[PDB]
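[1] 3D, please:
(chains A, B, C, D, E and F)
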Amino acid sequence: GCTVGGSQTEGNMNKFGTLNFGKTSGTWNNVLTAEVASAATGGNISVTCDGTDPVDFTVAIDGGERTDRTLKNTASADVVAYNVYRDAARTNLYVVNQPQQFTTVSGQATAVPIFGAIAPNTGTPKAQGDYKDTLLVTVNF
Amino acid sequence: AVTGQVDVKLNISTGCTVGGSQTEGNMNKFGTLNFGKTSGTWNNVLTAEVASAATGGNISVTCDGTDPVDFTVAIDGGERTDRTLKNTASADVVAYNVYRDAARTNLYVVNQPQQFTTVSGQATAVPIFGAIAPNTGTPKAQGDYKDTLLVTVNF
Amino acid sequence: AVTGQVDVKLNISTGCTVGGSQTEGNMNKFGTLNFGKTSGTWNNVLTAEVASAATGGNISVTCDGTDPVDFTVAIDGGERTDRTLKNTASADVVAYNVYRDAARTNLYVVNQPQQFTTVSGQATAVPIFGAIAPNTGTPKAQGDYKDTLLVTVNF
Amino acid sequence: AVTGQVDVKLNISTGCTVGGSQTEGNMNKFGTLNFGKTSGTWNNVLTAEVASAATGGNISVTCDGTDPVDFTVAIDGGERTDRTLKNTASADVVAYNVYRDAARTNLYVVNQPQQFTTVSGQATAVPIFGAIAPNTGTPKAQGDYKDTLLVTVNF
Amino acid sequence: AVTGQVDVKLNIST
Amino acid sequence: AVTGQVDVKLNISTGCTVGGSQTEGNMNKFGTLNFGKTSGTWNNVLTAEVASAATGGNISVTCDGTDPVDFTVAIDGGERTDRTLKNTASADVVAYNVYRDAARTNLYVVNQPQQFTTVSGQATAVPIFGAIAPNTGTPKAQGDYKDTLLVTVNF
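    Numbering: from 1, shown residues only, chains lettered A, B, ... in the order given. You can find the structure just below:
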């Protein structure tokens, strides 16, 4: 089989990382954008396979806690819509419950870029506080 | 089947915003580092400044607050991670670098938060000064050389 | 975390080069505008020409090609953006200006492309004529006054 | 002529708000402490709870934030500063007191910040429990007795 | 600082 | 050259003095009108009392003599003359007003001598009750809003 590096075992569930957009004001005009930071090292999730022939493994991310990729305020019911892309230019979207293909060769670790992106909110100012979500990334074969 | 969790976070409270950018699809287009036209072998250091895509001048970062805020600026190594422009057709490369000060001394080191200050009711400019070494050895092939540096304004 | 893109470009095909410069580290040292020595209050307009750092004469821009290319020359406003030389120790300032013609008439307006012509097999000189107004009011403090004008040969 | 300065301040950032009040002109009407009707000499402790002017129930203070906020509540001594209701026509007085807990034990001491907690997405109630001592001595004159306690929700 | 009023009342009659 | 005269006068005989102030340089610092912290949009009327800079309580004006003197109190319109607090960095304004009585009714009209009484061997307090209208329209920018009302105790 193939194994995923960069994760830490949170109890009995693999903690892959954090998508930290940082701090922001009620109404942001710029697209807020941050990359996943692996919980084990701090860098990108490094998936390596165990073998000699290049294995083709897939990566699938789900829709978050509420299934529509929205971060929720810890106290109030305000939501913040977001999305995770695979490429650096926010074009190749990790479609909900879809196996975005990936390659991996022997004696090498391939990185899984989970690039976050949030649309410019120039309408209503969301309430103050911390917004969260827990995307379940599914490395499957 | 290795299923794992990715905690997503955002602290909506009091943040800083970057002006001079245009939203290219879902990615902020900050600007262009246009060195201009050049011959195969140039003896003078080719040098140009970033031109914001929104206004044409320098990127103007302003912070949405009253008290001074210390924000950082980090630029990455380009498409290939070694600050080289690549010819659109051939595989020729053109090494370059981005500096912060007008005298090409304070280099924006790869993946490093070059510090910055921002004050009450003001927009601070982010000088991204480009610079290319004098190539007096081999003439690079004709055509257009490009690169996409990702500038990372982070707090 | 506001991450953005900066497109870098360079068109290697057929360009123009500036002679008379020396590479100071990674910044082209074009020359010096040396007005010379002076007293606290001078009645005569102090006037000197740029001396290229490489040869000592005028900056000689030559283009690389066969058809006469039309290149432009732009000079900025100096370190403080208002063409003032500053004393190395004190805060005294000395206002000046750079003109293009020998009679101090055609001023190199701040951030403006003063046009220029250049033919094949020839080097055209870039006259940067300095000029300082007669100070017959207050005697500026003793010492050395400096400024670093950035000359921008662009196409 | 003694002219002096009074600095006015307001920190607009992330505050707490009090619900259950109605704006009486330019002063927040929080509620009513209605003991009801009574005879000249009452043997039982007359006791009633505050009724918010907006809803009729208890004052509901909610904080506009996510993390828990510790806000304080202070009540003053009434119109005459000794918690006495005064007859509208005559000069008779009726001493009373406001407590915080249901058993009339935790007294809202005059000009004191009785602490309070408020949590995520919730409105905390401010129990202002009134209590009057048994008057078995002199019968106070007939009519209506009133007082206006100023409740001070401060941070 | 949200200062507010609480009208206190008592009808001594019967 | 328009030279003119300004007669200066002072009647040292039997005057009245204002307590609770601290001499800020050569200007009497009377106190602070601290509304406290607040969110962008507040529904409750924000309300706070002046706190003397010397003691922390109310300004205590006492007169020097044996017969009860009638002194007046006048407050001006603030820095911009329309009783608006201004954000230290941005240009946002917060309209407010100062009243004399506890129920926000008797307004200290701009540049008006609100009358006051004072007896011998006693200090009378000057209640400067602040009040801000409920802003339920636009959320003012984050930061600190300030104003300096000049209180004018005159005879």
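[2] Report the separation between the residue nearest to residue A:100 when sequence neighbours are not counted and residue B:1.
    In space, and not counting its chain neighbours, residue A:100 is closest to residue A:59: 5.0 Å by CB to CB, 6 or more residues apart in numbering or on different chains. Backbone N, C-alpha and C define where each C-beta goes, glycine included. From residue A:59 over to residue B:1 the distance is 12 Å, taken as CB to CB, to the nearest Å.
[3] Could you do residue A:91 as well?
    With distances taken as CB to CB, residue A:91 is found 28 Å from residue B:1.
[4] Looking at those two, which has the bigger crowd around it?
    For residue A:91 versus residue B:1, the count of surrounding residues by other CB atoms under 10 Å in any protein chain shown is larger for residue A:91: 13 against 7.
[5] circling back: partner strands of the helix or strand hosting the residue nearest to residue A:100, with direction?
    Here residue A:59 sits within strand A:55-61, counting by DSSP states H and E. Paired strands of strand A:55-61, with direction, are strand A:100-104 (antiparallel), strand A:129-140 (antiparallel) (DSSP bridges).
[6] which non-adjacent residue is nearest residue A:85?
    Excluding its sequence neighbours, the residue lying closest to residue A:85 (CB to CB, 6+ apart) is residue A:115, at 4.7 Å.
[7] what's the one you found in contact with, if anything?
    Applying CB atoms under 8 Å, 6 or more residues apart in numbering or on different chains to residue A:115 gives the contacts A:33, A:35, A:36, A:84, A:85, A:86, A:87, A:88, A:90.
[8] does the residue nearest to residue A:100 have beta-bridge partners, and which?
    Beta bridges link residue A:59 to residue A:100, residue A:139, judged by DSSP bridges.
[9] wouldn't it be in contact with residue A:97 here?
    No: Residue A:59 is beyond contact range of residue A:97, at 11.7 Å (criterion: CB atoms under 8 Å).
[10] ok, the residue positioned nearest the centre of chain A - contacts?
    Central residue of chain A (CA atoms, centre = their mean): residue A:114, 4.5 Å from the mean position. Going by CB under 8 Å, 6+ apart, residue A:114 touches A:17, A:19, A:35, A:36, A:45, A:61, A:84, A:86, A:94, A:137, B:6.
[11] okay, the residues you listed in TSV with secondary structure next?
    Formatted as TSV, those follow (DSSP: H, G, I helix; E, B strand; the rest coil):
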residue	secondary structure
A:17	strand
A:19	strand
A:35	strand
A:36	strand
A:45	strand
A:61	strand
A:84	strand
A:86	coil
A:94	coil
A:137	strand
B:6	strand
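[12] which one of the residues you listed sits closest to chain E?
    Closest to chain E out of these is residue A:19 (38.6 Å), distances taken as CB to the nearest CB.
[13] who touches the closest one in this structure?
    Neighbouring residues of residue A:19 by CB under 8 Å, 6+ apart: A:34, A:35, A:36, A:37, A:84, A:114, A:116, A:135, B:6, B:7, B:8, B:9.
[14] at 10 Å what do you get?
    Neighbouring residues of residue A:19 by CB atoms under 10 Å, 6 or more residues apart in numbering or on different chains: A:34-37, A:71, A:82, A:84, A:114-118, A:133, A:135, B:6-10, C:1.
[15] Same check on residue A:124?
    Counting by CB under 10 Å, 6+ apart, residue A:124 has contacts A:26, A:27, A:78.
[16] So which bits of chain A are right by chain D?
    Contact residues (CB under 10 Å from any CB of the partner chain) of chain A with chain D: A:73, A:74, A:75, A:76, A:77, A:78, A:127, A:128, A:129, A:130, A:131.
[17] can we see that at 6 Å?
    A:74, A:75, A:76, A:128, A:129 (CB under 6 Å from any CB of the partner chain).
[18] Contacts only, for the second one.
    I take that to be residue A:75. A:129, D:66, D:120, D:121 (CB atoms under 6 Å, 6 or more residues apart in numbering or on different chains).
[19] Identify the residue spatially nearest to the residue of chain A found nearest chain F, adjacent ones excluded.
    For chain A, the residue closest to chain F is residue A:125, as judged by CB to the nearest CB, at 6.6 Å. Leaving aside its sequence neighbours, residue A:125 sits nearest to residue A:26 (CB to CB, 6+ apart; 2.8 Å).
[20] again with residue A:6
    residue A:38 (3.3 Å).
[21] so that neighbour touches residue A:17, yeah?
    Yes: using CB atoms under 6 Å, residue A:38 is in contact with residue A:17, at 4.5 Å.
[22] which residues does residue A:129 contact?
    By CB under 6 Å, 6+ apart, residue A:129 lies in contact with A:73, A:74, A:75, D:66.
[23] Residues contacting stretch A:78-91, please?
    A:61, A:69-72, A:92-94, A:100, A:114-118, A:126-127, A:131, B:10, B:26-27.
[24] Pull the distance from that stretch to the chain's centre.
    Here stretch A:78-91 shows a centroid-to-chain-centroid distance of 9 Å under the convention CA atoms, centre = their mean, to the nearest Å.
[25] And for stretch A:34-49?
    10 Å.
[26] Just the CA trace of stretch A:117-131, in CSV.
    Output of stretch A:117-131 as CSV, limited to C-alpha atoms (Å, rounded to 0.1, in the frame of the first residue of the first chain):
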residue,chain,number,x,y,z
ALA,A,117,-9.6,30.5,-1.4
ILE,A,118,-12.4,32.8,-0.2
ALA,A,119,-14.5,35.1,-2.4
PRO,A,120,-14.4,38.9,-1.8
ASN,A,121,-17.2,39.8,0.6
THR,A,122,-18.1,43.4,-0.2
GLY,A,123,-21.8,43.2,0.9
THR,A,124,-22.6,42.4,4.5
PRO,A,125,-20.0,42.4,7.4
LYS,A,126,-20.0,39.0,9.1
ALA,A,127,-20.1,39.1,12.9
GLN,A,128,-16.8,39.2,14.9
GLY,A,129,-15.3,36.0,16.3
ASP,A,130,-13.6,32.8,15.0
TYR,A,131,-15.0,30.9,11.9
